[PDB]
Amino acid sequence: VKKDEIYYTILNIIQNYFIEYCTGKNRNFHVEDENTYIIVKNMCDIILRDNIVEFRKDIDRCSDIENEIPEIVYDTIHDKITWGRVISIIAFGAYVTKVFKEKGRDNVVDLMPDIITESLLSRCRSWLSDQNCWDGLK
């Protein structure tokens, strides 16, 4: 809930990956931490490339998906938090953002980064802090 350095340390990377994934424009020179961005950018691009089809099916199966993001995140890492699950959330979050973008109206797209970062931190802050945020992912 609280917007700290941690909240924005994560948001900066998610916000720019969503931007890059939706527009196809390079964001390596807008992010604060360039090395993390490349790693996370590639991690999510692998998950998407291998699971975009499943995402397409699960997404058409779910009406009213914007207000269900916090529940999906909650139900993904409530028993345990791992970087694999955290990355999968970001990747699936990226796909949804593009999907709502191609559906055409942006007001939701402007919120997806904060929505998942909020849901992510609502349960994983101490876990993220105890690894110095993205340092644990290297």
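A residue's number is simply how far along the shown sequence it sits, counting from 1.
- Once the C-alpha B-factors are averaged per stretch, 105-113 and 36-44 rank with 105-113 first.
- Two stretches are in play, 50-58 and 79-87, and the higher mean C-alpha B-factor belongs to 50-58.
- Ranking 65, 94, 72, 31 by Cα temperature factor from the entry places 65 first.
- Of the residues listed, 16, 23, 9, 119, the entry assigns the biggest Cα temperature factor to 23.
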